[PDB]
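Below: one structure, written as structure tokens.
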Amino acid sequence: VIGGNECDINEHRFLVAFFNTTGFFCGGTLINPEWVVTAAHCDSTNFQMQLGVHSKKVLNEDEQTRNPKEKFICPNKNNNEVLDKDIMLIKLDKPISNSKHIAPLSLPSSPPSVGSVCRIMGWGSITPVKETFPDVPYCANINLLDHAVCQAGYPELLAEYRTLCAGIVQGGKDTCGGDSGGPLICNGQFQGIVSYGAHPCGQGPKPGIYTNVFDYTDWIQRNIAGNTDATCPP
Ligand SMILES: *[C@@H]1O[C@H](CO)[C@@H](O)[C@H](O)[C@H]1NC(C)=O
């Protein structure tokens, strides 16, 4: 995250860190005791999830480690197009119990509203060009922009992708390398998933692109209910 400050120790109890032998590579969102939502392009053959994490050097005493039991990707997804249905659902190997630094964040109950103030967070690079990864997650406030803005800034962005456009017109605040999979919180609701952006980070004409979570709530709930067959919105 660029242009932000260290997040508060108690404001991200639902933020999950994805890592493997090389370290942190993505974020995620705990939506209930056994399920985590992240970006599809964060999928790997071997990774683990750390919950209740703030500092990577001074450990919270209630940190928890979990492994992916089951992974769910849209059945109707083009595995070549990163912007196509960039969402993945993960069922934890064991349930999680609420603690000081751990608690789920429910799925959105209403669609996002343009102009709304949103908050981004992650352990991604805090520098726009060179990569500088922090030991603590950084947070920043941005705005939900008109979809036309991102459309004009990215030729690859097809209108069929169900995405959200967020940033600030003057630039300076944005997600960056390593924030992928993390949540976009608007009006206190889990409205998006960090999916795509440009480099360097923070350019006014190239805001961040986030997966529209609301559009997939049905598919998610059906997978959680046990269908695991349901298809995603086209
Ligand atoms: C760790 O997972 C990330 C996510 O795909 C990947 O980019 C990275 O190369 C992986 N490292 C190893 C050791 O597999």
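Going left to right, the sequence shown walks through residues 6 to 239 as my numbering numbers them.
Using N, Cα and C, we set each Cβ at its ideal position, and we do this for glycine too.
Could you check whether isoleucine 78 and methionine 93 sit closer than 8 Å to each other, using their CB atoms as the reference points? yes
Would you be able to state if there are at least three C-beta pairs under 8 Å between the stretch 197 to 217 and the stretch 157 to 165? yes
Do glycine 8 and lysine 178 have their beta-carbon atoms positioned less than 8 Å apart in this structure? yes
Evaluate contact between the stretch 218 to 230 and the stretch 103 to 118, counting only Cβ atoms and requiring at least three cross-stretch pairs below 8 Å. yes
Among the residues of its own chain, which have a CB less than 6 Å from the CB of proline 80, if the five just before and after it don't count? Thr236
Measuring CB to CB, does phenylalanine 52 end up less than 8 Å from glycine 186? no
Can you list, in chain order, the residues of its chain whose CB lies under 7 Å from that of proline 109, leaving out five sequence neighbours each side? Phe19, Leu35, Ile36, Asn37 and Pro38
Length at least 3, wholly inside the stretch 162 to 229: the beta strand (DSSP E) runs in chain order: 168 to 172, 188 to 191, 194 to 201 and 213 to 217
Can you list, in chain order, the residues of its chain with a C-beta nearer than 6 Å to that of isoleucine 214? Leave out the 5 residues immediately preceding and following it. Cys155, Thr168, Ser200 and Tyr201
Among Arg124, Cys144, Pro212 and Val21, whose alpha-carbon lies nearest the alpha-carbon of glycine 57? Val21
Select from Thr233, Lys105 and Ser118 the residue whose C-alpha is nearest the C-alpha of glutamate 16. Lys105
Suppose you measure from the CA of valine 122 to the CA of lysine 99; what does that come to, to the nearest Å? 35 Å
For a test of the three-state rule: what should DSSP assign to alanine 22, helix, strand or coil? strand
Using the beta carbon as the reference atom, which residues fall closer than 5 Å to any heavy atom of ligand 1, ordered along the chain? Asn25, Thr26, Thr27, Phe30 and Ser49
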